[PDB]
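Just below is one structure, and these are the notes that go with it.
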Amino acid sequence: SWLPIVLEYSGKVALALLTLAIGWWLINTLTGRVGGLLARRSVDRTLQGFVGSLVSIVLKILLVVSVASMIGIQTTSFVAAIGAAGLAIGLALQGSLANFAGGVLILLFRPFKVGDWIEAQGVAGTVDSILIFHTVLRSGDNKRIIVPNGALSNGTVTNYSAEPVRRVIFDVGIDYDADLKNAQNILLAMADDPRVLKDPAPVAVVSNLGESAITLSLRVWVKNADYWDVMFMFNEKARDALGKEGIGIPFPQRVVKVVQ
Amino acid sequence: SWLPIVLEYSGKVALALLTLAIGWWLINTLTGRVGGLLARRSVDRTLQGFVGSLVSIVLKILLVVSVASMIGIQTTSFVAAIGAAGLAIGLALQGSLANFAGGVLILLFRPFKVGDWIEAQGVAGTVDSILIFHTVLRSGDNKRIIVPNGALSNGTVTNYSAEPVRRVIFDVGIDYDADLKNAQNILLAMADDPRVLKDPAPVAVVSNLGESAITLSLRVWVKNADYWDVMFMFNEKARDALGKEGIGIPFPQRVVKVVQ
Amino acid sequence: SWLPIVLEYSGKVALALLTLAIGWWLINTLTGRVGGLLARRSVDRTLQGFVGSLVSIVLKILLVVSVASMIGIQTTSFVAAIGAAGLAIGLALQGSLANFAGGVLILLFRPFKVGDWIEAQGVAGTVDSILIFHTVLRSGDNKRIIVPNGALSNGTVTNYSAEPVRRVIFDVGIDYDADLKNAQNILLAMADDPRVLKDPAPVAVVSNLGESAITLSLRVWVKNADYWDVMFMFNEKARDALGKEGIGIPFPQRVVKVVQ
Amino acid sequence: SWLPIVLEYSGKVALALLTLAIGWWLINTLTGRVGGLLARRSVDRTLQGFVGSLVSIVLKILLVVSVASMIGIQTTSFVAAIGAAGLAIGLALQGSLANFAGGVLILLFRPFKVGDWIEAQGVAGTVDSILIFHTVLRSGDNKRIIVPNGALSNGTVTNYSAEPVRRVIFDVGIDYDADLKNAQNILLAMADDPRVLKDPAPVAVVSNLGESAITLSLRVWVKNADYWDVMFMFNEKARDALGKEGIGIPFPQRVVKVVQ
Amino acid sequence: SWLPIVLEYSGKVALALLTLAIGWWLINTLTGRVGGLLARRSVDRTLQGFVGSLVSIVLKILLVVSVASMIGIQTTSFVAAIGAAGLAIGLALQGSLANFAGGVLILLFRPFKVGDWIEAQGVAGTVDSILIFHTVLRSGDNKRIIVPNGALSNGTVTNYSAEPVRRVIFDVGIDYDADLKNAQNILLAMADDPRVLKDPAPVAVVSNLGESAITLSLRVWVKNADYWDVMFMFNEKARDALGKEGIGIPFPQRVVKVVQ
Amino acid sequence: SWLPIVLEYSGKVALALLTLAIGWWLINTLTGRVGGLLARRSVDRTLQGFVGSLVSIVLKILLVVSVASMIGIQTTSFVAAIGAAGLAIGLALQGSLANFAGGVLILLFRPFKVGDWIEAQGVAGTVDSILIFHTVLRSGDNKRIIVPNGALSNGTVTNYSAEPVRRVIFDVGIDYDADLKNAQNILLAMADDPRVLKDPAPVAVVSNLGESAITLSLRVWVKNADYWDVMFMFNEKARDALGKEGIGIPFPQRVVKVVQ
Amino acid sequence: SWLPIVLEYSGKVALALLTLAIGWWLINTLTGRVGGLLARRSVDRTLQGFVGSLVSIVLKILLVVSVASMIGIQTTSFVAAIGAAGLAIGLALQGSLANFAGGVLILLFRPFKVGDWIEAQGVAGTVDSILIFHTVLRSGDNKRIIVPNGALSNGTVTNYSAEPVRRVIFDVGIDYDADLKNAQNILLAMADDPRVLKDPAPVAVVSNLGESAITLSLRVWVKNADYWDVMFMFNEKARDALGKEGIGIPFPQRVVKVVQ
């Protein structure tokens, strides 16, 4: 009779050919649709060829392996090769996917916003736009910096604009023979500007004793937007006011014993 | 007859179609629920689209592969591709998951608490809030620092506020011709403040002999909150008290032989 | 009778031999076609031998393993070995594939264009051509720099030409005894060139007080193409104009106490 | 009849439902027990929610996949996805597990004990407590340092307290015109303290000839607890004793030819 | 009867023994051929023993595992062990395979050719020969440098000989009291050599104002082969021509206030 | 009848219960034995609890999964989870296993022995004991250094005691106006000690011409144990012998043009 | 009857017991042979115990798992655990296997030979012996350096002895007021030694203009063995010959304006 085995193989062959035809058609329509949507978004044509071709050839390889195994053929070696190639392609993508994950994290927890002056990854500047792949900064000189979001979200970020109040300190070296109480009193009667907060009242201390000058440090609290104005005003009035009561700002002193 | 094989295939097809319908419905309800709960928490709408779409497309791919294999089709190639893509996505997530694990570890063993001054990963400041993903610090200038918890928990952390008592040392360079016993006696009769503990009694030693000055080192124990006050008081009274008994603080000496 | 088993094995052997013959033929035609297309593109003949031979031997190993398993032989060990070798080859390719992925990313999001002066990965220069594998720069001395696209797209990039307007600052050290208001007025009446924008009006401030000179800083906005011309014009007119009103640019001062 | 197939499917369905019920119950009791034991140990309630929920959802996903495959459904895609997620979670845990392994190694081989002054990973201090996850140090200033055990056990560790006897060396620069034999004799008749061991008898040598002074080096053996006392005693008596026989400690000499 | 099972096992045993014999013979002939071809190429005999033995033992292990599983034995543990060993060997080969891939990339895209002066990976020199594993350079002192191709193709490469025209700049410090217009006119009437191109006409600018001298910068375009000749000619004629019109090249100035 | 299926399931259940009982008993005896042998070796009791418990729970999980799959249950998800956890534990162990492999390599090829002065990984000292996990060194100050064997065997090691003969060089700066032939003759008639080998006869050369002194270099061969004695003897006799024939060792010269 | 199933299980049990016995015997003989060959080569007995025991226990675990699965037991969990342990052991071996692969590469392509002075990995010296695991160097001071072959073959290597001819350059700073043509003529009439090749005729150029002296550079070609002799001869004759025609080698000049 030999009829049951003939129909048992014929059903397998018919199902394999049906799968082949339907899958080929579906892959063709899908790649055509992807190419159309990529052309509509006005991307460069170099970046469309090996996207359409990539998708088509990958899906066609998968389908051909599947149907070849469906008729009668052993394809364990080809499945192993496909797995190796897929793992290679996956490992060759870790940087970009890490950037996208870091961008998602930056959008979820908000360490900084647009307009903030931040400093991270060895650069600094004002946040101009946050995307999911990178962040854009404008430098102090108004040059554009692009920072990827992966390393950005996996490192430390200093945000200069997050707090409403900041602490301008100061630093000035004075003579060694000056009397320090009078000097810090002079420095304290220099923060009477109507921009220095009184909330944590100002302070004037003697920090380290340097090699040529004694270092005094003023310490005041201002609003986050008055930082640099107050710093520059100090930079000028400091000398102009210390020199009045006989306190100089000295040069690099030296003691020389001359043997002739 | 050929009836048993027909019903044997019909049962498989009916089970596959039931699975397809029920799974499609369940995925739709789940993604709708996830979208609703994400909208209720007021997250940005850019971060809702590719969460809902991501979940839906991943679950739908899995279900379609399962049912296609359930009817008659060989899908080992597609399972290999799915595994490769999943491993790629998993490797593109290691940084964030390491941050979450480090946050769990920081909450379990407590190296620092809110209010502590710590120093780690090249930054320093007062701990303002500990989350599971990052830690927030306020700098000495009151700028906000965000440190990820993975590298934080996998590195060394110095905690300045953990111990109740600290050791203020000091350092002052004096003349080479000064008598060192009298100088360290003077330095010892300068820590009579009612803030220097007597428990490990104060000490005054001659550390290294420098190139222009002999370095003396005071060493006292204070409470952890009086550290900087005592340091600054020393910074002032040191010169003011050494100079009284004829001990100066010298400049960068030099010996010059002039040949004319 | 023993006839069913004989034909059941004969069908397997016939299918295996058919697969072997057809696959061998297909591999031969494919490698011939690849060799022809590689010769037509004028690549070096060293780079054609171990491409054709590589493709042929890999596909032939896969086919031979498949047919050997198709007749009667257990080939799980050889499939494991093939998988190990494929994973090795995939891991030995991560750098180049990362470069191609970074090139795709640079073409998709455009951080820089041809003609822009950029700085990244420790080098700087004018973008001359962007490919998918590397980027080509011309240095300030007109030497050619080749930067791979992977590390380029995974790091920070500073673009000097992206913004239409830039901020030329300045820096000049002046005497300590000079009056700073008059000095910054002089510096302000030096940016009257018809190239300094008035939009964010120019500024002149006292930055840090140095060890030998007080540092003044002018700060003006220009168009992105007038940056260096304005900087050099300042470099000349600065001294020529400060010296007129009795403000010098000092040398490294020193105070020396001579003991004889 | 069709009875055998009906009971063959009914047994499978009954076993699957039994497995589902029993596994659900067991998972519920296990997560309740884990939550109870976590509450009894007084851990923060943020760290209990996503431990109980984590355990429950993971075990429930595994059980549901198992029973769904047990009735009739193909779940190879879901097993692949579960494996990918498990590998991701495992790779996101390598730092903490490395810390626990390093802690086990530090407890097994004992490089240091509590009370020892050690130096490793860029920090130094007295070992205060050794745990399996990290080691705690007290600095010389009495601030607390936390070092993870993985990098600690995988790097070099210097133990200052392991040996019963140490070698205090010394270093002093003397005049160029001094006679070196008399100078090292003077240095040798300065280690007559009853704290310098005679076992490897003391030594005094001429190390490098510097640019302004000739460097002499004493070298003595003391007990590990007398190191710093002997070093400071040398720091004082060195100058006080060299200067007696006409050997000075010179400043930075210079020879200047004046052209007028 | 028990005849069918006896022949069913006898066929398996006969096929396994046939496979064993044929595979052993094939492995022997293959390793003999490989040894012969390795001896004909005159490689060291240390490098032939553990190539022949390696190939033979690996193939024999694979074949023995296959036939042992073919008769009746379960060998899943041995296949797992073979896979682990193969993955170990593959990971212990990543550096060399990366070098070969980088060599292929260097041959495909040509960043440099034989004869070019390049600089990469911390070294510099003239390309002498490009192989697929490494690149050979001759240093400026004529010593041979060998650079592996992997890190070479994955980093930046500066090619000094790719462009037909280069820009010799210059740099010279002049007195502070000199008039800068006359000085840059003098520098401009020094590039009248018939080797300085007029295409981008020469330029002379005032770069930064230094601490002891004002820095002038000439800037000319030459052919890529006249770079160093023009640079050295400038190095001589610069002083010889500036000094003629009363412009000196100053030493490290200093201002010293003497207190006696 | 339904008897064959009942006994076919009863045999499976009986075998599963037998396996469960025997495996549970074997695991109990094995963990008891391991605990006993760990107690006999006097290890800390913290390190015994989570060794016994670890072994027991791992083996019990494996056995329970095996028997649950043996009766009727699908456990592919649990096998995937077990594999993920095992891979995690394996990756969390790479440092210690690398240390043990490096220790095996150090014992196999012997780069150094006990008593040798070596320098590696940023430290230096005398080898005191070599174990399979780490190496112990005594520093020049007699403090104990512990170096892990993995990084030690994977880096460069300098062995100061391996060769029987060493080359003491020297270095001394002399006046610029001295005659160099006479100076190197003086240096050569200073290595007449009966400790300087004549085998590669001594040499005296003029190395670089420094900024203040001309550098002479003696070069002699000694036995490996006389290195430092000869170096110190040179350090003394060098000045004492050069100064006799009118050759000085100069200070940092300077030429100063005074404008008043 | 129930006879067929009884014999079907009895054959499986007999084959499993045969496999167990034969495999146990083979493992015993193999480990005995390995121990004997390890004792004959005179390796330390610490390195024989955990080689014999390692081999025996690994092979015995594999065989026991195989036979336990061969009778009736499900061992997928144990195979997963064995695979995890094997992958762990393989990852804990990457450094040594990379060293062996680098050694094979160094023997295949020969970058250096015995006797060559090379410089790589931060060290330098004469190649004394090349093995497959490491390379041995003798330093300039005759101390022994051991460099692993992996990092050696994966980095740059500078070979000082590969080329037959080298270029000794020179460098000497002369007065600013000297005439440079006469000075380079003097330097050119100093390379008349019968060791300076005339093939690329000698050259004398003015390199950079320094801060205190003008730098002249001689440039000659010698044989690779005369490099240092010619360099030292230049180091002497340079001053002795320049000073004859009134060209000095100056000290660090300075210009000082004295305000009193």
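Residue numbers (the entry's author numbering), protein chains in the order written: chain E, 14 to 273; chain D, 14 to 273; chain F, 14 to 273; chain C, 14 to 273; chain G, 14 to 273; chain B, 14 to 273; chain A, 14 to 273.
Quick reminder that beta carbons are idealized off the backbone N, C-alpha and C, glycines included.
From this set, the options, which residue's C-alpha is nearest residue i's C-alpha?
i                     : options                   : result
residue 225 (chain F) : G:163, G:266, G:240       : G:266
residue 51 (chain C)  : C:236, C:68, C:38         : C:68
residue 84 (chain G)  : G:22, G:209, G:192        : G:22
residue 259 (chain G) : G:199, G:25, G:215        : G:199
residue 44 (chain C)  : C:54, C:33, C:72          : C:72
residue 60 (chain F)  : G:160, G:144, G:169, G:34 : G:144
Tell me whether the beta-carbon of residue i lies closer than 7 Å to the beta-carbon of residue j.
i                     : j                     : result
residue 127 (chain E) : residue 117 (chain E) : no
residue 271 (chain C) : residue 234 (chain C) : no
residue 80 (chain D)  : residue 27 (chain D)  : no
residue 78 (chain E)  : residue 93 (chain D)  : no
Could you give the first and the last residue of the continuous beta strand (DSSP E) run that contains residue i?
i                     : result
residue 197 (chain G) : Careful: residue 197 (chain G) lies outside any beta strand (DSSP E), inside the alpha helix (DSSP H) at 193 to 201.
residue 112 (chain G) : Taken as a continuous stretch (DSSP letters only), residue 112 (chain G) belongs to no beta strand (DSSP E), being part of the alpha helix (DSSP H) at 107 to 121.
residue 95 (chain B)  : Segment 89 to 104 is the alpha helix (DSSP H) holding residue 95 (chain B); no beta strand (DSSP E) there.
residue 150 (chain C) : 147 to 151
residue 133 (chain G) : 130 to 133
Would a check of beta-carbon distances place residue i closer than 7 Å to chain B?
i                     : result
residue 203 (chain C) : no
residue 215 (chain C) : no
residue 267 (chain C) : yes
Shorter than 7 Å from the beta carbon of residue i to some beta carbon of chain C?
i                     : result
residue 136 (chain B) : yes
For residue i, would you say it is in contact with chain A, using Cβ-to-Cβ distances shorter than 7 Å as the test?
i                     : result
residue 248 (chain G) : yes
residue 139 (chain B) : no
residue 180 (chain B) : yes
Just to confirm the assignment, what range does the alpha helix (DSSP H) spanning residue i have?
i                     : result
residue 41 (chain B)  : 16 to 53
residue 138 (chain A) : Where residue 138 (chain A) is concerned, there is no enclosing alpha helix (DSSP H), although the beta strand (DSSP E) it sits in stretches over 136 to 143.
residue 221 (chain A) : No alpha helix (DSSP H) holds residue 221 (chain A); the beta strand (DSSP E) holding it covers 216 to 222.
residue 81 (chain B)  : 59 to 84
When you measure from the CB of residue i to every non-hydrogen atom of the ligand FMN, does any distance come out below 6 Å?
i                     : result
residue 128 (chain E) : As for the ligand FMN, it is missing from this structure, which has no ligand bound.
Are the C-beta atoms of residue i and some chain D residue less than 7 Å apart?
i                     : result
residue 108 (chain C) : yes
For the region 48 to 77 of chain B, list every residue whose C-beta sits within 8 Å of some C-beta in chain C, in sequence order. 56, 57, 59, 60
Positions along the region 146 to 174 of chain D whose CB lies within less than 8 Å of some CB in chain C: 163, 166, 167, 168, 169, 170, 171, 172, 173
Notebook entry, point to check: In the region 82 to 103 of chain F, which residues sit with their C-beta less than 8 Å from some C-beta in chain G, listed in chain order?
Noted result: Going along the region 82 to 103 of chain F in chain order, one finds 85, 86, 87, 88, 89, 90, 91, 93, 94, 96, 97, 98, 100, 101, 102 with a Cβ nearer than 8 Å to chain G.
Worksheet item: Taking any Cβ of chain G, which residues in the region 19 to 43 of chain A have a Cβ under 7 Å from it, in chain order?
Response: Flagged, chain order: 28, 32.
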